[PDB]
Amino acid sequence: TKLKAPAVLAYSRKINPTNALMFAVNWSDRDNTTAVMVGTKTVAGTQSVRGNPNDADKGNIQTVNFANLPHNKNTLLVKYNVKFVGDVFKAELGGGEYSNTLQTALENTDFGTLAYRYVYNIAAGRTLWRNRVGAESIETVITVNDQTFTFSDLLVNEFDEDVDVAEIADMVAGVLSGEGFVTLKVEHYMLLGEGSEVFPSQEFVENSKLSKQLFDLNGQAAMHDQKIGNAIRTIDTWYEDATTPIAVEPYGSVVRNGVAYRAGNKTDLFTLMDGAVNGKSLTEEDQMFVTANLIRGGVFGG
Amino acid sequence: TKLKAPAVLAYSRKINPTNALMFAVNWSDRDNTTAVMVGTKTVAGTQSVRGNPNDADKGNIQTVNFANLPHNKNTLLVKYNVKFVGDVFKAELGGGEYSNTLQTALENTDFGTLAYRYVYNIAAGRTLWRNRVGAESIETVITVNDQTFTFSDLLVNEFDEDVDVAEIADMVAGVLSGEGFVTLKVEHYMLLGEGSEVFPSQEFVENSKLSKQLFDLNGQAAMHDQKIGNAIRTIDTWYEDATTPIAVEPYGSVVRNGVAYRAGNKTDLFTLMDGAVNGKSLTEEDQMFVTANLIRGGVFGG
Amino acid sequence: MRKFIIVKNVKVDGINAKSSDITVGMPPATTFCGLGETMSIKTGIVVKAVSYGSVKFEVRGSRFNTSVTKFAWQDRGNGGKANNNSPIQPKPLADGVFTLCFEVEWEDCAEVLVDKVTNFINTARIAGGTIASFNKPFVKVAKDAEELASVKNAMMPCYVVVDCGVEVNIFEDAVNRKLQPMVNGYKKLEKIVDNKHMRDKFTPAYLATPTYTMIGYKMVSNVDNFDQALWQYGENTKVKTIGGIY
Amino acid sequence: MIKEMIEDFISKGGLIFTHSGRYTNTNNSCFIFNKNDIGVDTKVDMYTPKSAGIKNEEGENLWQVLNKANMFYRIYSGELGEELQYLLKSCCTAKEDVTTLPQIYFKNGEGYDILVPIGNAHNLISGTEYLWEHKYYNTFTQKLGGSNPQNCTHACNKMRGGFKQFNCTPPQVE
DNA sequence: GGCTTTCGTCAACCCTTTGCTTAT
């Protein structure tokens, strides 16, 4: 009757950022890159917890990891490379009569708009997260192969139409819709300010003395590759009652807000994927969602 | 005469690969071989499990092993040895009036083509798998005894005719048909990029701390020797409706894709072997397949 | 006169760590004694005693779980089952670096022994492994008891096991004595009558179970003797050291 | 009902053994009972096809009631009658299947002796119980049978938490 | 008369979380 997903089935990651290294430069002198080193700050606070109002006149001492620009440098350089790998519908695990009837199902999907929203999320600078707030002017450069594109001020939640993001979108969608790879060496300049607070990704630490432990390779302030790759795939404006782009999770999940935007409305990855395998056509914005999840990868069968 | 099989017919592994050892070098200076350190990364994502949509508003915290190139080096160095031993038609268990008459039925295979597709998988770089995707340039250095061979651009799917793969193939075929060892000190270089993720073999373990455990030797990243061997024996393009080479197995099966390409159609190793011993006219491809499994080895219980 | 040929840094790659059903890790002394007897059959040099060591050794896997090796579908009449995965029997693997010492009566030159060994080690597996790269064999002699111990010192960066003796059993002597077991031999239970499916047919065949001894991994330069660290076969199919219990 | 579960056992299949190769490979079915190693703390094992059997209406099958409080030695001596003695002794027999079984040579002093090492049942269950109850932690864990531990033995079927193996890792230099 | 495929049977845990020695 219906063609089911294999019990072993997985897709590999097709947007591969490096762990971003976060440097300190000036706005005019961008080639004097010093390393923003993560240091340790022990802070005297105040105990303010929603349950206990009796231990509210005491004050907790929490040691945290901090990251600031040096006071002679007013611009945070965030350096990473984004590897857009092709062969999107080629499943790593499984791949018998379900990953091949879904490749032919998502054969006319709008890969160009998907790549435009990806390289726009790298180009508006959404892969900086909290690093963008309180910045006088942003400037990202994307040095794709023997080229260089500069985007100063792009709107974040609105995927506006400009021609250089369309150029990198075309040369990425000539890889995502086909075979091979394309790399984007991306440098993010934010005129934050001299000595301003710099926000890395903080590590998951369990039973550690630090209340906040930032990511570091050899001491430098750094952001996780998964944190960049989440913000690249914040392209989903096609869920029910859509107001902002969220990451393309299989259920439209946002763990920050504590709600899944595509679960329960029969608009998640698995029901649309099963419908695409079992004959039923999908909307263009839903075809974009399912092949965006195939770009994202994951255990897509159980 | 119904030359019926023994209970267990066991052949030794005639390809003897070692564990790959993952090092970080630069593309220009390939002499500062620093070890690729297996690290410990704890992630925060979302659940996104099939048929579990009421848990999709939650997250999952998964400690994984990760191996990245350091952000001063931009080329992953993969070092292993491949020891082609030839005693192909000699059995560990059993062997008499079944292995000898198979030896005098498999004496006229193209050992040169088998050694060619054996060496080509070491030369095109199929031993890297997901280390091979996204690489700008995959230059492989094979050091056979006092004879350094280099290869820089080979299509991993099609066995296109090279003039230096065939030179290694002659001595590997002379050892496989005869006796001895022609051990291949093999050096792989992949221009992946600065700080790109490398993909070691993952251990099938039952680890409580880690959800993905990568193979580490002393702490340096490594790939499994049977994984390398599975890459080398990925020569089989002689099955029904052949598209891509698969590993030569007794049933021509890959458990990863969930399909067996040489089962249920009288083209398995045991059916062809039984025809070979009772007297048939095997074609060149399915004779090459049986002697490729004999180099692969394995207990043949039943 | 004792002629000790020492090979060092033998990177064996794919050692099946299942020495027994209760011991998983370093291959036992029966493995290295069988390797010495394999060299005795293949080349011809009569080795009567063998030592070994551990420059590095990691059983691949987690703290309490070894890596489960995936199994290939290798069985007759199992073609309808080959589409799914294969059932996996317990076989842990381990990857380690070994030093080795042999005690051989060669009574000949020393640059031809090295090679009646390098032409064997390149075609031999140390407990199902794959010998990746080993340092060049070097023959050393022992005249007195201290010449021998200029060889013990010569197979260095390593932890040679010493026989420490079983008191009552292995489980009692593992938690009281902080120590670990190792298969030092096998005990013949019954006689196999079906020799049609065996390795040789002519050699008498016995069903057996491991018998264990406990061992200690003293660094070889910290061992007082080296005859207490030189394993050899015994009488009731028991490998043992010449210096006995440490 | 330790007389009923014995005629049960024997009918279904019933092979009491203190040594088997099912702990090595589950495709084995070789079972030998050694007469000379039965001691006061010797934990005996059993096998039926698909590990079939009926419980004692308290939740325990034949294996745990025969392993609890030296009941196997109780019957084997004859403290529960000689009508249970002959049933238990006719249960313990022999089986030979070197299939899937490692085969190594071992010297006899003046010749060789091809030798098949099979696992010990007392060693496995007794090691799990003792190294759990005296908390030995430099050790491994192996679940025999895979995802269906009713295949190998009865110990497998019951102790599905996993048999414990010694961590025989040596020290590493540097 | 085996013989080789596929479906039908039979189950049920309690877990623990670094040193082993430690260089001629």
# chains A, B, ... in the order shown; residues from 1 in each chain; ligands from 1

$ select_by_dssp --residues "range 8-245 of chain B" --states "alpha helix (DSSP H)" --output "JSON, numbers by chain"
{"B": [100, 101, 102, 103, 111, 112, 113, 114, 115, 116, 117, 118, 119, 120, 121, 122, 123, 165, 166, 167, 168, 169, 170, 171, 172, 173, 174, 175, 176, 177, 225, 226, 227, 228, 229, 230, 231, 232]}

$ write_last_selection --atoms "C-alpha atoms" --output "mmCIF file, in the first residue's frame"
data_model
loop_
_atom_site.group_PDB
_atom_site.id
_atom_site.type_symbol
_atom_site.label_atom_id
_atom_site.label_comp_id
_atom_site.auth_asym_id
_atom_site.auth_seq_id
_atom_site.Cartn_x
_atom_site.Cartn_y
_atom_site.Cartn_z
ATOM 1 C CA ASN B 100 42.294 -27.503 -4.694
ATOM 2 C CA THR B 101 39.726 -28.039 -7.443
ATOM 3 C CA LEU B 102 38.607 -24.433 -6.942
ATOM 4 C CA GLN B 103 42.258 -23.380 -7.300
ATOM 5 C CA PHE B 111 44.564 -10.912 -11.293
ATOM 6 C CA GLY B 112 45.817 -7.726 -12.981
ATOM 7 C CA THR B 113 42.313 -6.260 -13.152
ATOM 8 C CA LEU B 114 41.612 -7.312 -9.557
ATOM 9 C CA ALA B 115 44.887 -5.781 -8.366
ATOM 10 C CA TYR B 116 44.104 -2.741 -10.531
ATOM 11 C CA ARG B 117 40.721 -2.106 -8.902
ATOM 12 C CA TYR B 118 42.314 -2.968 -5.532
ATOM 13 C CA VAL B 119 45.095 -0.378 -5.911
ATOM 14 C CA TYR B 120 42.771 2.172 -7.568
ATOM 15 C CA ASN B 121 40.576 2.399 -4.458
ATOM 16 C CA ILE B 122 43.738 3.155 -2.484
ATOM 17 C CA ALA B 123 44.799 5.597 -5.223
ATOM 18 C CA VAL B 165 47.970 2.580 -10.976
ATOM 19 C CA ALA B 166 48.622 -0.218 -13.486
ATOM 20 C CA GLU B 167 52.332 -0.305 -12.582
ATOM 21 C CA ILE B 168 51.503 -1.000 -8.934
ATOM 22 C CA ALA B 169 48.805 -3.385 -10.201
ATOM 23 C CA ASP B 170 51.360 -5.612 -11.959
ATOM 24 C CA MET B 171 53.397 -6.324 -8.817
ATOM 25 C CA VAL B 172 50.280 -6.593 -6.621
ATOM 26 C CA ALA B 173 48.859 -9.093 -9.150
ATOM 27 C CA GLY B 174 52.155 -10.999 -9.230
ATOM 28 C CA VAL B 175 52.023 -11.295 -5.454
ATOM 29 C CA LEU B 176 48.299 -12.198 -5.371
ATOM 30 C CA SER B 177 48.728 -14.888 -8.034
ATOM 31 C CA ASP B 225 41.453 -1.136 9.456
ATOM 32 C CA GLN B 226 38.369 -3.101 8.390
ATOM 33 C CA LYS B 227 36.891 0.197 7.147
ATOM 34 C CA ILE B 228 40.009 0.715 5.007
ATOM 35 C CA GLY B 229 39.716 -2.890 3.835
ATOM 36 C CA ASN B 230 36.047 -2.356 2.987
ATOM 37 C CA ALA B 231 37.135 0.621 0.898
ATOM 38 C CA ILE B 232 39.836 -1.358 -0.941
#

$ closest_atom_pairs --of "chain E" --to "chain D" --cutoff "7 Å" --atoms "only C-alpha atoms (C1' of nucleotides)" --output "Markdown table"
| residue | atom | partner | partner_atom | distance |
| --- | --- | --- | --- | --- |
| E:10 | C1' | D:50 | CA | 5.9 |
| E:11 | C1' | D:150 | CA | 6.1 |
| E:13 | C1' | D:161 | CA | 4.0 |
| E:16 | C1' | D:137 | CA | 5.7 |
| E:20 | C1' | D:170 | CA | 5.7 |
| E:21 | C1' | D:171 | CA | 6.2 |

$ closest_atom_pairs --of "chain B" --to "chain A" --cutoff "6 Å" --atoms "only C-alpha atoms" --output "Markdown table"
| residue | atom | partner | partner_atom | distance |
| --- | --- | --- | --- | --- |
| B:42 | CA | A:204 | CA | 5.8 |
| B:48 | CA | A:250 | CA | 5.6 |
| B:50 | CA | A:302 | CA | 5.6 |
| B:53 | CA | A:263 | CA | 5.8 |
| B:56 | CA | A:260 | CA | 5.8 |
| B:57 | CA | A:259 | CA | 4.3 |
| B:58 | CA | A:255 | CA | 5.8 |
| B:59 | CA | A:255 | CA | 5.8 |
| B:134 | CA | A:181 | CA | 5.3 |
| B:195 | CA | A:18 | CA | 5.9 |
| B:196 | CA | A:18 | CA | 5.5 |
| B:256 | CA | A:93 | CA | 5.5 |
| B:257 | CA | A:94 | CA | 3.9 |
| B:258 | CA | A:94 | CA | 5.7 |

$ closest_residue --among "A:63, A:243, A:148, A:157" --to "residue 208 in chain A" --atoms "only C-alpha atoms"
A:63

$ select_by_dssp --residues "range 148-262 of chain A" --states "strand (DSSP E)" --output "ChimeraX atom specification"
/A:149-151,181-191,216-217,220-223,253-254,259-260

$ calpha_fit_rmsd --fixed "chain B" --moving "chain A"
0.7 Å

$ interface_residues --of "chain C" --to "chain E" --cutoff "9 Å" --atoms "only C-alpha atoms (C1' of nucleotides)" --output "ChimeraX atom specification"
/C:63-64,77,80,149-159,178-180,216-222

$ write_last_selection --atoms "C-alpha atoms" --output "compact mmCIF listing (two decimals), in the first residue's frame"
# COMPACT_ATOMS: atom_id res chain seq x y z
CA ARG C 63 35.09 2.38 29.48
CA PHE C 64 33.02 -0.80 29.90
CA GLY C 77 21.96 -20.40 2.56
CA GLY C 80 17.30 -13.98 2.08
CA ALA C 149 69.56 -8.57 31.72
CA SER C 150 71.13 -6.34 29.26
CA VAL C 151 68.56 -7.75 26.97
CA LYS C 152 65.64 -7.31 29.34
CA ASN C 153 66.70 -3.69 29.37
CA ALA C 154 66.84 -3.77 25.51
CA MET C 155 63.20 -4.41 24.87
CA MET C 156 62.28 -1.19 26.38
CA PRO C 157 59.44 1.38 26.54
CA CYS C 158 57.23 -1.60 27.57
CA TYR C 159 55.42 -3.61 30.22
CA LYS C 178 44.81 -5.73 42.69
CA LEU C 179 45.61 -7.79 39.62
CA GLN C 180 44.19 -9.18 36.39
CA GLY C 216 51.37 -8.13 36.48
CA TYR C 217 52.67 -5.57 34.16
CA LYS C 218 56.05 -4.58 35.58
CA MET C 219 58.24 -2.41 33.37
CA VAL C 220 61.01 -4.73 32.22
CA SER C 221 63.89 -2.70 33.67
CA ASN C 222 62.15 -2.84 37.08

$ residues_around --residues "residue 237 in chain C" --least-positions-apart "4" --cutoff "8 Å" --atoms "only C-alpha atoms (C1' of nucleotides)" --output "PyMOL selection string"
(chain C and resi 185-187+233) or (chain D and resi 106-108)

$ closest_residue --among "C:78, C:19, C:169, C:43" --to "residue 94 in chain C" --atoms "only C-alpha atoms"
C:19

$ interface_residues --of "chain C" --to "chain B" --cutoff "10 Å" --atoms "only C-alpha atoms" --output "PDB file with N, CA and C atoms, in the first residue's frame"
ATOM      1  N   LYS C  11      53.689  -2.478  15.736  1.00  0.00           N
ATOM      2  CA  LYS C  11      52.346  -1.918  15.721  1.00  0.00           C
ATOM      3  C   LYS C  11      51.398  -2.926  15.085  1.00  0.00           C
ATOM      4  N   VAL C  12      50.740  -3.728  15.916  1.00  0.00           N
ATOM      5  CA  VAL C  12      49.752  -4.699  15.465  1.00  0.00           C
ATOM      6  C   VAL C  12      48.400  -4.010  15.468  1.00  0.00           C
ATOM      7  N   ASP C  13      47.661  -4.159  14.375  1.00  0.00           N
ATOM      8  CA  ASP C  13      46.559  -3.253  14.088  1.00  0.00           C
ATOM      9  C   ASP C  13      45.335  -4.107  13.764  1.00  0.00           C
ATOM     10  N   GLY C  14      44.518  -4.398  14.775  1.00  0.00           N
ATOM     11  CA  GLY C  14      43.369  -5.266  14.586  1.00  0.00           C
ATOM     12  C   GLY C  14      43.405  -6.525  15.426  1.00  0.00           C
ATOM     13  N   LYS C  56      52.340   0.560  23.639  1.00  0.00           N
ATOM     14  CA  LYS C  56      51.028   1.178  23.714  1.00  0.00           C
ATOM     15  C   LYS C  56      50.000   0.095  23.449  1.00  0.00           C
ATOM     16  N   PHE C  57      48.824   0.248  24.052  1.00  0.00           N
ATOM     17  CA  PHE C  57      47.733  -0.692  23.840  1.00  0.00           C
ATOM     18  C   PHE C  57      46.430  -0.032  24.251  1.00  0.00           C
ATOM     19  N   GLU C  58      45.511   0.065  23.296  1.00  0.00           N
ATOM     20  CA  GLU C  58      44.157   0.500  23.599  1.00  0.00           C
ATOM     21  C   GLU C  58      43.148  -0.458  22.991  1.00  0.00           C
ATOM     22  N   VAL C  59      42.385  -1.144  23.839  1.00  0.00           N
ATOM     23  CA  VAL C  59      41.185  -1.815  23.371  1.00  0.00           C
ATOM     24  C   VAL C  59      40.194  -0.750  22.938  1.00  0.00           C
ATOM     25  N   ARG C  60      39.850  -0.753  21.652  1.00  0.00           N
ATOM     26  CA  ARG C  60      38.967   0.271  21.114  1.00  0.00           C
ATOM     27  C   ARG C  60      37.570   0.102  21.701  1.00  0.00           C
ATOM     28  N   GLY C  61      36.982   1.205  22.121  1.00  0.00           N
ATOM     29  CA  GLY C  61      35.681   1.160  22.738  1.00  0.00           C
ATOM     30  C   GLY C  61      35.586   2.150  23.874  1.00  0.00           C
ATOM     31  N   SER C  62      34.526   2.001  24.658  1.00  0.00           N
ATOM     32  CA  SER C  62      34.235   2.861  25.789  1.00  0.00           C
ATOM     33  C   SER C  62      34.912   2.314  27.045  1.00  0.00           C
ATOM     34  N   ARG C  63      34.505   2.822  28.212  1.00  0.00           N
ATOM     35  CA  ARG C  63      35.086   2.383  29.475  1.00  0.00           C
ATOM     36  C   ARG C  63      34.726   0.936  29.789  1.00  0.00           C
ATOM     37  N   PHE C  64      33.462   0.558  29.600  1.00  0.00           N
ATOM     38  CA  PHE C  64      33.022  -0.799  29.896  1.00  0.00           C
ATOM     39  C   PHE C  64      32.476  -1.526  28.676  1.00  0.00           C
ATOM     40  N   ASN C  65      32.434  -0.882  27.516  1.00  0.00           N
ATOM     41  CA  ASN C  65      31.946  -1.533  26.313  1.00  0.00           C
ATOM     42  C   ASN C  65      32.984  -1.403  25.212  1.00  0.00           C
ATOM     43  N   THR C  66      33.407  -2.543  24.681  1.00  0.00           N
ATOM     44  CA  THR C  66      34.300  -2.555  23.540  1.00  0.00           C
ATOM     45  C   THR C  66      33.526  -2.223  22.269  1.00  0.00           C
ATOM     46  N   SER C  67      34.262  -1.865  21.221  1.00  0.00           N
ATOM     47  CA  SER C  67      33.631  -1.615  19.935  1.00  0.00           C
ATOM     48  C   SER C  67      33.120  -2.907  19.326  1.00  0.00           C
ATOM     49  N   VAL C  68      31.851  -2.891  18.963  1.00  0.00           N
ATOM     50  CA  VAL C  68      31.193  -4.031  18.351  1.00  0.00           C
ATOM     51  C   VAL C  68      31.558  -4.049  16.875  1.00  0.00           C
ATOM     52  N   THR C  69      32.303  -5.061  16.453  1.00  0.00           N
ATOM     53  CA  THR C  69      32.678  -5.160  15.050  1.00  0.00           C
ATOM     54  C   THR C  69      31.471  -5.618  14.247  1.00  0.00           C
ATOM     55  N   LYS C  70      31.135  -4.869  13.200  1.00  0.00           N
ATOM     56  CA  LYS C  70      30.057  -5.261  12.311  1.00  0.00           C
ATOM     57  C   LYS C  70      30.420  -6.550  11.590  1.00  0.00           C
ATOM     58  N   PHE C  71      29.409  -7.364  11.329  1.00  0.00           N
ATOM     59  CA  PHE C  71      29.630  -8.675  10.750  1.00  0.00           C
ATOM     60  C   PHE C  71      29.161  -8.687   9.303  1.00  0.00           C
ATOM     61  N   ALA C  72      29.960  -9.316   8.452  1.00  0.00           N
ATOM     62  CA  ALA C  72      29.589  -9.531   7.065  1.00  0.00           C
ATOM     63  C   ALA C  72      28.789 -10.819   6.965  1.00  0.00           C
ATOM     64  N   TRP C  73      27.818 -10.825   6.058  1.00  0.00           N
ATOM     65  CA  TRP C  73      26.991 -12.000   5.833  1.00  0.00           C
ATOM     66  C   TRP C  73      27.817 -13.068   5.136  1.00  0.00           C
ATOM     67  N   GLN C  74      28.409 -13.955   5.930  1.00  0.00           N
ATOM     68  CA  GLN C  74      29.293 -15.002   5.423  1.00  0.00           C
ATOM     69  C   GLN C  74      28.813 -16.359   5.964  1.00  0.00           C
ATOM     70  N   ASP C  75      27.860 -16.944   5.234  1.00  0.00           N
ATOM     71  CA  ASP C  75      27.228 -18.213   5.580  1.00  0.00           C
ATOM     72  C   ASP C  75      26.435 -18.732   4.391  1.00  0.00           C
ATOM     73  N   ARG C  76      26.491 -20.033   4.125  1.00  0.00           N
ATOM     74  CA  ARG C  76      25.720 -20.592   3.026  1.00  0.00           C
ATOM     75  C   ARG C  76      24.238 -20.653   3.376  1.00  0.00           C
ATOM     76  N   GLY C  77      23.405 -20.386   2.376  1.00  0.00           N
ATOM     77  CA  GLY C  77      21.962 -20.398   2.560  1.00  0.00           C
ATOM     78  C   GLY C  77      21.442 -19.294   3.454  1.00  0.00           C
ATOM     79  N   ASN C  78      22.079 -18.128   3.419  1.00  0.00           N
ATOM     80  CA  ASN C  78      21.676 -16.982   4.223  1.00  0.00           C
ATOM     81  C   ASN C  78      21.449 -15.768   3.338  1.00  0.00           C
ATOM     82  N   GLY C  79      21.032 -16.000   2.096  1.00  0.00           N
ATOM     83  CA  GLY C  79      20.840 -14.940   1.134  1.00  0.00           C
ATOM     84  C   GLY C  79      19.564 -14.152   1.271  1.00  0.00           C
ATOM     85  N   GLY C  80      18.524 -14.725   1.868  1.00  0.00           N
ATOM     86  CA  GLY C  80      17.299 -13.985   2.081  1.00  0.00           C
ATOM     87  C   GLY C  80      17.391 -13.081   3.291  1.00  0.00           C
ATOM     88  N   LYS C  81      18.366 -13.356   4.154  1.00  0.00           N
ATOM     89  CA  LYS C  81      18.582 -12.566   5.355  1.00  0.00           C
ATOM     90  C   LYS C  81      19.592 -11.447   5.158  1.00  0.00           C
ATOM     91  N   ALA C  82      20.234 -11.368   3.993  1.00  0.00           N
ATOM     92  CA  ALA C  82      21.342 -10.449   3.780  1.00  0.00           C
ATOM     93  C   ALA C  82      20.898  -9.022   3.496  1.00  0.00           C
ATOM     94  N   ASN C  83      19.604  -8.779   3.278  1.00  0.00           N
ATOM     95  CA  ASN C  83      19.129  -7.418   3.054  1.00  0.00           C
ATOM     96  C   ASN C  83      19.190  -6.573   4.325  1.00  0.00           C
ATOM     97  N   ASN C  84      18.851  -7.149   5.478  1.00  0.00           N
ATOM     98  CA  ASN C  84      19.011  -6.411   6.723  1.00  0.00           C
ATOM     99  C   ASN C  84      20.457  -6.494   7.203  1.00  0.00           C
ATOM    100  N   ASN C  85      20.667  -6.079   8.451  1.00  0.00           N
ATOM    101  CA  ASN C  85      21.976  -6.203   9.077  1.00  0.00           C
ATOM    102  C   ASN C  85      22.267  -7.653   9.444  1.00  0.00           C
ATOM    103  N   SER C  86      23.458  -7.912   9.951  1.00  0.00           N
ATOM    104  CA  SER C  86      23.816  -9.274  10.314  1.00  0.00           C
ATOM    105  C   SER C  86      23.886  -9.395  11.828  1.00  0.00           C
ATOM    106  N   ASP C  95      43.890  -2.380  19.402  1.00  0.00           N
ATOM    107  CA  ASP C  95      44.973  -1.878  18.566  1.00  0.00           C
ATOM    108  C   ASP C  95      46.104  -1.419  19.470  1.00  0.00           C
ATOM    109  N   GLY C  96      47.253  -2.077  19.364  1.00  0.00           N
ATOM    110  CA  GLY C  96      48.328  -1.800  20.292  1.00  0.00           C
ATOM    111  C   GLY C  96      49.692  -1.990  19.665  1.00  0.00           C
ATOM    112  N   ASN C 119      61.267 -11.837   7.381  1.00  0.00           N
ATOM    113  CA  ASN C 119      60.494 -12.497   6.339  1.00  0.00           C
ATOM    114  C   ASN C 119      59.369 -13.350   6.911  1.00  0.00           C
ATOM    115  N   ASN C 122      56.630 -10.048   8.687  1.00  0.00           N
ATOM    116  CA  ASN C 122      55.897  -9.463   7.575  1.00  0.00           C
ATOM    117  C   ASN C 122      54.816 -10.389   7.012  1.00  0.00           C
ATOM    118  N   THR C 123      54.837 -11.686   7.348  1.00  0.00           N
ATOM    119  CA  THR C 123      53.762 -12.574   6.917  1.00  0.00           C
ATOM    120  C   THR C 123      53.009 -13.197   8.090  1.00  0.00           C
ATOM    121  N   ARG C 125      50.565 -12.561  11.861  1.00  0.00           N
ATOM    122  CA  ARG C 125      49.631 -11.707  12.578  1.00  0.00           C
ATOM    123  C   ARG C 125      49.720 -12.027  14.059  1.00  0.00           C
ATOM    124  N   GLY C 128      45.510 -12.236  15.296  1.00  0.00           N
ATOM    125  CA  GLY C 128      44.555 -11.784  14.302  1.00  0.00           C
ATOM    126  C   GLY C 128      44.708 -10.355  13.826  1.00  0.00           C
ATOM    127  N   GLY C 129      45.804  -9.712  14.202  1.00  0.00           N
ATOM    128  CA  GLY C 129      46.030  -8.323  13.890  1.00  0.00           C
ATOM    129  C   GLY C 129      46.641  -8.142  12.521  1.00  0.00           C
ATOM    130  N   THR C 130      47.133  -6.934  12.285  1.00  0.00           N
ATOM    131  CA  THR C 130      47.847  -6.616  11.052  1.00  0.00           C
ATOM    132  C   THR C 130      49.086  -5.834  11.469  1.00  0.00           C
ATOM    133  N   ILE C 131      50.256  -6.432  11.267  1.00  0.00           N
ATOM    134  CA  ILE C 131      51.505  -5.817  11.689  1.00  0.00           C
ATOM    135  C   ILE C 131      51.810  -4.653  10.759  1.00  0.00           C
ATOM    136  N   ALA C 132      51.630  -3.433  11.261  1.00  0.00           N
ATOM    137  CA  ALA C 132      51.790  -2.231  10.456  1.00  0.00           C
ATOM    138  C   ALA C 132      53.242  -1.885  10.185  1.00  0.00           C
ATOM    139  N   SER C 133      54.014  -1.617  11.230  1.00  0.00           N
ATOM    140  CA  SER C 133      55.417  -1.271  11.094  1.00  0.00           C
ATOM    141  C   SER C 133      56.122  -1.687  12.369  1.00  0.00           C
ATOM    142  N   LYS C 196      36.337 -34.480  10.533  1.00  0.00           N
ATOM    143  CA  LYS C 196      36.102 -34.125   9.137  1.00  0.00           C
ATOM    144  C   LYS C 196      36.105 -32.614   8.940  1.00  0.00           C
ATOM    145  N   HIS C 197      35.567 -31.931   9.947  1.00  0.00           N
ATOM    146  CA  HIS C 197      35.526 -30.479   9.947  1.00  0.00           C
ATOM    147  C   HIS C 197      36.493 -29.918  10.946  1.00  0.00           C
ATOM    148  N   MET C 198      37.778 -30.168  10.794  1.00  0.00           N
ATOM    149  CA  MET C 198      38.768 -29.620  11.698  1.00  0.00           C
ATOM    150  C   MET C 198      39.851 -28.900  10.930  1.00  0.00           C
ATOM    151  N   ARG C 199      40.945 -28.563  11.570  1.00  0.00           N
ATOM    152  CA  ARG C 199      41.943 -27.821  10.874  1.00  0.00           C
ATOM    153  C   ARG C 199      42.859 -28.761  10.187  1.00  0.00           C
ATOM    154  N   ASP C 200      43.109 -29.908  10.782  1.00  0.00           N
ATOM    155  CA  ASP C 200      44.093 -30.811  10.197  1.00  0.00           C
ATOM    156  C   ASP C 200      43.717 -32.217   9.963  1.00  0.00           C
ATOM    157  N   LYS C 201      42.711 -32.717  10.642  1.00  0.00           N
ATOM    158  CA  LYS C 201      42.306 -34.119  10.557  1.00  0.00           C
ATOM    159  C   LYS C 201      43.223 -35.105  11.294  1.00  0.00           C
TER     160      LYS C 201
END

$ residues_around --residues "residue 290 in chain A" --least-positions-apart "2" --cutoff "10 Å" --atoms "only C-alpha atoms (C1' of nucleotides)" --output "PyMOL selection string"
chain A and resi 102+106+109+248-250+267-273+276+282+284-288+292-296

$ residues_around --residues "residue 98 in chain C" --least-positions-apart "2" --cutoff "7 Å" --atoms "only C-alpha atoms (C1' of nucleotides)" --output "list in words"
residues 8, 9, 10, 11, 52, 53, 54, 55, 96 and 100 of chain C

$ closest_residue --among "D:142, D:123, D:70, D:153" --to "chain B" --atoms "only C-alpha atoms"
D:142

$ residues_around --residues "residue 90 in chain D" --least-positions-apart "2" --cutoff "10 Å" --atoms "only C-alpha atoms (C1' of nucleotides)" --output "PyMOL selection string"
chain D and resi 10+14-16+84-88+92-93

$ write_last_selection --atoms "C-alpha atoms" --output "PDB file, in the first residue's frame"
ATOM      1  CA  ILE D  10      14.048 -32.465  29.217  1.00  0.00           C
ATOM      2  CA  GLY D  14      17.357 -29.588  27.985  1.00  0.00           C
ATOM      3  CA  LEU D  15      21.036 -29.521  28.047  1.00  0.00           C
ATOM      4  CA  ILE D  16      22.655 -28.675  31.255  1.00  0.00           C
ATOM      5  CA  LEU D  84      15.586 -36.089  40.726  1.00  0.00           C
ATOM      6  CA  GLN D  85      19.202 -37.350  40.661  1.00  0.00           C
ATOM      7  CA  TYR D  86      18.782 -39.632  37.643  1.00  0.00           C
ATOM      8  CA  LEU D  87      16.726 -36.998  35.798  1.00  0.00           C
ATOM      9  CA  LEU D  88      19.427 -34.376  36.418  1.00  0.00           C
ATOM     10  CA  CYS D  92      23.721 -33.627  31.637  1.00  0.00           C
ATOM     11  CA  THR D  93      25.134 -35.292  28.536  1.00  0.00           C
TER      12      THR D  93
END
